[PDB]
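Pasting an experimental structure with its sequence.
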Amino acid sequence: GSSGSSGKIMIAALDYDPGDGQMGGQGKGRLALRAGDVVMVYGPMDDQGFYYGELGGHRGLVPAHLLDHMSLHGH
């Protein structure tokens, strides 16, 4: 049929402020998430357990533990 499911949608259960003491080098620091920030990720995570998403036009590695797997609502 038609293959889809391009990227996932998760929310930052907590306010992640990696800006304070970002990584060293050989890449790029993580993204700062806020309580209730619907960020879009892509593909699996890395050895460290970080996902590849972007929030606010900024790509970077996000925490795969702070995020929350949304559910299917219905009325």
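Okay, I see it. Numbers count the residues shown, from 1 in each chain.

From residue 24, how far out is the residue lying closest to residue 58 once chain neighbours are set aside?
Nearest non-adjacent residue to residue 58, counting by CB to CB, 6 or more residues apart in numbering: residue 31, 5.9 Å away. For every residue, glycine as well, the C-beta is placed using N, CA and C. Counting by CB to CB, to the nearest Å, the separation of residue 31 from residue 24 is 17 Å.

Please apply the same query to residue 10.
Going from residue 10 to residue 24 by CB to CB gives 26 Å.

Compare residue 31 and residue 24 (neighbour count), which wins?
A count of neighbours by other CB atoms under 10 Å puts residue 31 above the other of residue 31 and residue 24, at 24 against 7.

looking at it, the more buried one is touching residue 22, isn't it?
No: the criterion here is CB atoms under 8 Å, and residue 31 misses it with residue 22 at 10.4 Å.

residues in contact with residue 49?
Residue 49 is in contact with 63-65, counting by CB atoms under 8 Å, 6 or more residues apart in numbering.
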